file data_5.cif (mmCIF, C-alpha atoms)
data_upload
#
loop_
_atom_site.label_atom_id
_atom_site.label_comp_id
_atom_site.auth_asym_id
_atom_site.auth_seq_id
_atom_site.Cartn_x
_atom_site.Cartn_y
_atom_site.Cartn_z
CA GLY A 184 115.81 5.79 -61.24
CA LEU A 185 115.06 3.13 -63.85
CA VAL A 186 112.32 0.52 -63.25
CA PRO A 187 114.00 -2.77 -64.30
CA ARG A 188 111.13 -4.89 -65.63
CA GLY A 189 108.03 -4.39 -67.77
CA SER A 190 104.33 -3.90 -67.01
CA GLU A 191 102.89 -6.68 -64.82
CA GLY A 192 99.51 -5.03 -64.36
CA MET A 193 97.84 -2.11 -62.65
CA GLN A 194 97.50 -3.15 -58.99
CA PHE A 195 95.35 -1.54 -56.32
CA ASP A 196 94.91 -2.28 -52.62
CA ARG A 197 91.42 -3.74 -52.52
CA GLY A 198 90.70 -7.49 -52.72
CA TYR A 199 87.66 -9.71 -53.07
CA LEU A 200 84.41 -8.79 -51.38
CA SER A 201 83.58 -12.49 -50.88
CA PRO A 202 85.86 -15.52 -50.52
CA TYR A 203 83.28 -17.31 -52.70
CA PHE A 204 84.69 -15.51 -55.76
CA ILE A 205 87.94 -17.47 -55.39
CA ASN A 206 88.39 -19.78 -58.37
CA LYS A 207 92.01 -20.88 -57.75
CA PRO A 208 91.66 -22.55 -54.36
CA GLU A 209 95.28 -23.57 -53.91
CA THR A 210 96.44 -19.95 -54.00
CA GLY A 211 93.30 -18.28 -52.69
CA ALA A 212 92.91 -16.14 -55.79
CA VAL A 213 90.34 -15.09 -58.28
CA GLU A 214 91.69 -15.31 -61.85
CA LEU A 215 89.37 -14.07 -64.58
CA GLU A 216 90.25 -14.37 -68.29
CA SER A 217 89.14 -11.60 -70.65
CA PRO A 218 86.62 -10.15 -68.25
CA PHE A 219 84.27 -7.26 -68.69
CA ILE A 220 84.76 -4.62 -65.97
CA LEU A 221 81.87 -2.64 -64.46
CA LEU A 222 82.90 0.61 -62.79
CA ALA A 223 80.45 2.52 -60.60
CA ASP A 224 80.78 5.48 -58.24
CA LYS A 225 78.38 4.21 -55.59
CA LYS A 226 77.51 1.30 -53.42
CA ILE A 227 75.58 -1.44 -55.23
CA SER A 228 73.07 -3.25 -53.08
CA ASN A 229 69.78 -3.39 -55.01
CA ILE A 230 69.58 -6.57 -57.06
CA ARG A 231 67.02 -5.08 -59.49
CA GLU A 232 69.45 -2.32 -60.40
CA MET A 233 72.26 -4.84 -61.02
CA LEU A 234 70.34 -7.46 -62.97
CA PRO A 235 70.22 -5.93 -66.48
CA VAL A 236 73.98 -5.70 -66.88
CA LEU A 237 74.51 -9.06 -65.11
CA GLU A 238 72.10 -10.68 -67.58
CA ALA A 239 73.90 -9.02 -70.47
CA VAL A 240 77.24 -10.39 -69.26
CA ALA A 241 75.77 -13.87 -68.71
CA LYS A 242 74.44 -13.82 -72.30
CA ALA A 243 77.87 -12.78 -73.62
CA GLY A 244 79.45 -15.67 -71.68
CA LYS A 245 82.32 -13.61 -70.26
CA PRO A 246 83.47 -13.08 -66.68
CA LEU A 247 82.76 -9.82 -64.91
CA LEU A 248 84.82 -7.83 -62.42
CA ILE A 249 82.81 -5.14 -60.63
CA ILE A 250 84.68 -2.22 -59.06
CA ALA A 251 82.26 -0.03 -57.08
CA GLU A 252 82.27 1.98 -53.82
CA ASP A 253 81.02 -1.28 -52.31
CA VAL A 254 78.96 -4.24 -53.47
CA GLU A 255 76.78 -5.47 -50.60
CA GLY A 256 73.43 -6.80 -49.51
CA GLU A 257 71.12 -8.53 -51.95
CA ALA A 258 73.31 -7.66 -54.93
CA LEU A 259 76.43 -9.16 -53.35
CA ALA A 260 74.52 -12.25 -52.26
CA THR A 261 73.07 -12.78 -55.76
CA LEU A 262 76.55 -12.57 -57.25
CA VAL A 263 77.75 -15.16 -54.74
CA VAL A 264 74.91 -17.62 -55.41
CA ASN A 265 75.33 -17.38 -59.19
CA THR A 266 79.08 -17.77 -58.98
CA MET A 267 78.88 -20.79 -56.69
CA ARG A 268 76.29 -22.41 -58.97
CA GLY A 269 78.57 -21.94 -61.98
CA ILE A 270 76.14 -19.66 -63.81
CA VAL A 271 78.46 -16.64 -64.08
CA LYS A 272 82.17 -16.08 -63.26
CA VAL A 273 82.12 -12.83 -61.27
CA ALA A 274 84.12 -10.96 -58.70
CA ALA A 275 83.49 -7.65 -56.94
CA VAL A 276 85.99 -5.36 -55.17
CA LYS A 277 85.90 -1.90 -53.66
CA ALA A 278 87.19 1.00 -55.72
CA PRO A 279 90.49 2.16 -54.21
CA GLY A 280 91.23 5.38 -52.44
CA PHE A 281 89.14 7.99 -50.75
CA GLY A 282 87.11 11.10 -51.49
CA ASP A 283 87.90 12.82 -54.76
CA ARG A 284 90.95 10.60 -55.30
CA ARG A 285 88.69 7.55 -55.40
CA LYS A 286 86.74 9.18 -58.27
CA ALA A 287 89.97 10.06 -60.09
CA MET A 288 91.41 6.53 -59.81
CA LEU A 289 88.14 4.97 -60.91
CA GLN A 290 88.38 7.08 -64.08
CA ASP A 291 92.07 6.01 -64.36
CA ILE A 292 90.82 2.40 -64.46
CA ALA A 293 88.04 3.30 -66.91
CA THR A 294 90.49 4.91 -69.29
CA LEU A 295 92.90 1.95 -69.03
CA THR A 296 90.16 -0.59 -69.77
CA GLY A 297 88.02 1.33 -72.28
CA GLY A 298 85.17 1.42 -69.77
CA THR A 299 82.78 4.15 -68.73
CA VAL A 300 82.27 5.01 -65.06
CA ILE A 301 78.59 4.67 -64.20
CA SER A 302 78.45 7.90 -62.27
CA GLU A 303 75.35 8.77 -60.26
CA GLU A 304 77.08 12.13 -59.65
CA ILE A 305 76.12 12.96 -63.28
CA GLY A 306 72.83 11.04 -63.23
CA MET A 307 73.85 7.79 -64.92
CA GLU A 308 71.88 4.71 -63.91
CA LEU A 309 73.46 1.35 -63.36
CA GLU A 310 70.14 -0.22 -64.37
CA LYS A 311 70.72 1.13 -67.87
CA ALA A 312 74.40 0.18 -68.19
CA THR A 313 75.25 -1.88 -71.27
CA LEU A 314 78.20 -4.00 -72.43
CA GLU A 315 79.53 -0.91 -74.22
CA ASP A 316 80.01 0.80 -70.83
CA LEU A 317 82.14 -2.07 -69.54
CA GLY A 318 85.93 -1.99 -69.64
CA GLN A 319 87.92 -5.06 -70.68
CA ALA A 320 91.38 -6.45 -69.88
CA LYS A 321 93.24 -9.64 -70.79
CA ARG A 322 93.11 -10.87 -67.23
CA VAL A 323 92.35 -9.78 -63.67
CA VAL A 324 93.88 -11.43 -60.60
CA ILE A 325 92.33 -10.74 -57.22
CA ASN A 326 93.40 -12.02 -53.79
CA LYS A 327 92.38 -11.03 -50.29
CA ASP A 328 94.19 -7.72 -50.38
CA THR A 329 94.71 -6.65 -53.97
CA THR A 330 93.39 -6.52 -57.51
CA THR A 331 95.61 -6.56 -60.60
CA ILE A 332 94.34 -5.61 -64.06
CA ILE A 333 96.58 -6.92 -66.84
CA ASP A 334 96.51 -5.50 -70.33
CA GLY A 335 93.55 -3.11 -70.26
CA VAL A 336 92.10 -2.59 -73.76
CA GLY A 337 91.91 1.23 -73.70
CA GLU A 338 93.27 3.05 -76.76
CA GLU A 339 96.87 4.10 -76.18
CA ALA A 340 96.15 7.70 -77.10
CA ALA A 341 93.46 7.92 -74.44
CA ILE A 342 95.71 6.36 -71.81
CA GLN A 343 98.55 8.74 -72.67
CA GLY A 344 96.09 11.64 -72.60
CA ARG A 345 95.15 10.70 -69.03
CA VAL A 346 98.79 10.35 -68.04
CA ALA A 347 99.47 13.77 -69.59
CA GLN A 348 96.63 15.24 -67.53
CA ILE A 349 98.13 13.76 -64.36
CA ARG A 350 101.60 15.08 -65.24
CA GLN A 351 100.13 18.57 -65.58
CA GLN A 352 98.62 18.15 -62.12
CA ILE A 353 102.07 17.08 -60.81
CA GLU A 354 103.58 20.28 -62.21
CA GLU A 355 100.85 22.37 -60.54
CA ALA A 356 100.85 20.46 -57.21
CA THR A 357 101.97 22.32 -54.09
CA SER A 358 103.35 19.51 -51.91
CA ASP A 359 105.43 16.33 -51.99
CA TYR A 360 102.51 14.33 -50.58
CA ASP A 361 100.23 15.47 -53.40
CA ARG A 362 102.89 14.93 -56.05
CA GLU A 363 103.61 11.42 -54.78
CA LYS A 364 99.94 10.49 -54.88
CA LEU A 365 99.76 11.69 -58.50
CA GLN A 366 102.96 9.87 -59.45
CA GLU A 367 101.48 6.70 -57.99
CA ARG A 368 98.56 6.98 -60.43
CA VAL A 369 100.96 7.38 -63.34
CA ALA A 370 102.86 4.24 -62.22
CA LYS A 371 99.59 2.33 -61.96
CA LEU A 372 98.53 3.38 -65.46
CA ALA A 373 101.96 2.43 -66.87
CA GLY A 374 101.61 -0.95 -65.15
CA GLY A 375 98.27 -1.71 -66.91
CA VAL A 376 99.29 -1.11 -70.52
#

call {"tool": "encode", "arguments": {"input": "data_5.cif", "output": "structure tokens"}}
result
Amino acid sequence: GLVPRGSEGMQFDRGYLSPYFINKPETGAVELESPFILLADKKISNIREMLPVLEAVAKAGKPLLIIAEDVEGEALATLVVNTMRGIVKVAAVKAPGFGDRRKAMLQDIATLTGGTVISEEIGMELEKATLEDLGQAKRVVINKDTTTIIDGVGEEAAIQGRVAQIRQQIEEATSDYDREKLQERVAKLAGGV
């Protein structure tokens, strides 16, 4: 059952939330080098809530990938205007999966990238997020349908610890469907290292 080639990135089935994030027009892709990654468990729409961390990323001069339940309204439009005007290099995508599996996969991505989920479930405020809460990866490639995160910076021990947690859930699972969904998360994590 050997997989015959190495890691080529953690990929998930959500693509860009605006075609204006494309920066490789010939292929229709967004390619960001050494981006920060903002991870949030809710829909982002209020521009005042999103500004602090966007200003911090602009000041750092690095691209930003935002993975949130959705990014819409005034916040989405402000990202679009600033990207088109060349002020910031940003892209936003929906977090993958549904219900409690969406929360678990967003933490999978956090652990891979050394980020911290901004979770309103536990009272965290996006307005107060800082560069230390952002994950990082060597590169992110986004197209209409998918997002790939290559070489997340998370410590190896933490990534293995998460995998070990998922393996324990696989052992305790009571169906093939549930086991296969857990195994898919392990394959995704292995792909991002």

call {"tool": "residues_near_point", "arguments": {"input": "data_5.cif", "point": "(92.5, 4.6, -68.1)", "cutoff": "9 Å", "atoms": "all atoms listed in the file", "output": "list in words"}}
result
residues 288, 289, 290, 291, 292, 293, 294, 295, 296, 297, 298, 335, 337, 338, 341, 342, 343, 345, 346, 372 and 375 of chain A

call {"tool": "resolve_selection", "arguments": {"input": "data_5.cif", "expression": "the PyMOL selection byres ((chain A and resi 331) around 8)", "output": "list in words"}}
result
residues 192, 193, 194, 195, 323, 324, 325, 329, 330, 332 and 333 of chain A

call {"tool": "resolve_selection", "arguments": {"input": "data_5.cif", "expression": "the PyMOL selection byres ((chain A and resi 364) around 12)", "output": "short mmCIF file (atom, residue, chain, number, x, y, z; two decimals) with C-alpha atoms, keeping the file's coordinate frame"}}
result
data_model
loop_
_atom_site.label_atom_id
_atom_site.label_comp_id
_atom_site.auth_asym_id
_atom_site.auth_seq_id
_atom_site.Cartn_x
_atom_site.Cartn_y
_atom_site.Cartn_z
CA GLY A 280 91.23 5.38 -52.44
CA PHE A 281 89.14 7.99 -50.75
CA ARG A 284 90.95 10.60 -55.30
CA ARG A 285 88.69 7.55 -55.40
CA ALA A 287 89.97 10.06 -60.09
CA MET A 288 91.41 6.53 -59.81
CA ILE A 349 98.13 13.76 -64.36
CA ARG A 350 101.60 15.08 -65.24
CA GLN A 352 98.62 18.15 -62.12
CA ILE A 353 102.07 17.08 -60.81
CA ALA A 356 100.85 20.46 -57.21
CA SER A 358 103.35 19.51 -51.91
CA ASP A 359 105.43 16.33 -51.99
CA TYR A 360 102.51 14.33 -50.58
CA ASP A 361 100.23 15.47 -53.40
CA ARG A 362 102.89 14.93 -56.05
CA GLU A 363 103.61 11.42 -54.78
CA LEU A 365 99.76 11.69 -58.50
CA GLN A 366 102.96 9.87 -59.45
CA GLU A 367 101.48 6.70 -57.99
CA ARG A 368 98.56 6.98 -60.43
CA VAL A 369 100.96 7.38 -63.34
CA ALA A 370 102.86 4.24 -62.22
CA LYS A 371 99.59 2.33 -61.96
#

call {"tool": "resolve_selection", "arguments": {"input": "data_5.cif", "expression": "the PyMOL selection byres ((chain A and resi 234) around 10)", "output": "list in words"}}
result
residues 229, 230, 231, 232, 233, 235, 236, 237, 238, 239, 240, 258, 261, 262, 309, 310 and 311 of chain A

call {"tool": "atom_distance", "arguments": {"input": "data_5.cif", "atom1": "CA of residue 279 (chain A)", "atom2": "CA of residue 373 (chain A)"}}
result
17.1 Å

call {"tool": "atom_distance", "arguments": {"input": "data_5.cif", "atom1": "CA of residue 242 (chain A)", "atom2": "CA of residue 313 (chain A)"}}
result
12.0 Å

call {"tool": "closest_residue", "arguments": {"input": "data_5.cif", "among": "A:213, A:186, A:314, A:223", "to": "residue 198 (chain A)", "atoms": "only C-alpha atoms"}}
result
A:213

call {"tool": "closest_residue", "arguments": {"input": "data_5.cif", "among": "A:339, A:315, A:303, A:334", "to": "residue 190 (chain A)", "atoms": "only C-alpha atoms"}}
result
A:334

call {"tool": "residues_around", "arguments": {"input": "data_5.cif", "residues": "residue 299 (chain A)", "least_positions_apart": "4", "cutoff": "7 Å", "atoms": "only C-alpha atoms", "output": "PyMOL selection string"}}
result
chain A and resi 222+293+316-318

call {"tool": "residues_around", "arguments": {"input": "data_5.cif", "residues": "region 269-273 of chain A", "least_positions_apart": "4", "cutoff": "8 Å", "atoms": "all atoms listed in the file", "output": "compact mmCIF listing (two decimals) with C-alpha atoms, in the frame of the given file"}}
result
# COMPACT_ATOMS: atom_id res chain seq x y z
CA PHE A 204 84.69 -15.51 -55.76
CA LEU A 215 89.37 -14.07 -64.58
CA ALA A 241 75.77 -13.87 -68.71
CA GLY A 244 79.45 -15.67 -71.68
CA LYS A 245 82.32 -13.61 -70.26
CA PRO A 246 83.47 -13.08 -66.68
CA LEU A 247 82.76 -9.82 -64.91
CA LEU A 248 84.82 -7.83 -62.42
CA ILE A 249 82.81 -5.14 -60.63
CA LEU A 262 76.55 -12.57 -57.25
CA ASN A 265 75.33 -17.38 -59.19

call {"tool": "atom_distance", "arguments": {"input": "data_5.cif", "atom1": "CA of residue 205 (chain A)", "atom2": "CA of residue 264 (chain A)"}}
result
13.0 Å

call {"tool": "closest_residue", "arguments": {"input": "data_5.cif", "among": "A:282, A:355, A:274, A:340", "to": "residue 212 (chain A)", "atoms": "all atoms listed in the file"}}
result
A:274

call {"tool": "closest_residue", "arguments": {"input": "data_5.cif", "among": "A:304, A:374, A:354, A:319", "to": "residue 219 (chain A)", "atoms": "all atoms listed in the file"}}
result
A:319

call {"tool": "closest_residue", "arguments": {"input": "data_5.cif", "among": "A:208, A:344, A:256, A:202", "to": "residue 226 (chain A)", "atoms": "only C-alpha atoms"}}
result
A:256

call {"tool": "closest_residue", "arguments": {"input": "data_5.cif", "among": "A:217, A:224, A:257, A:185", "to": "residue 305 (chain A)", "atoms": "all atoms listed in the file"}}
result
A:224
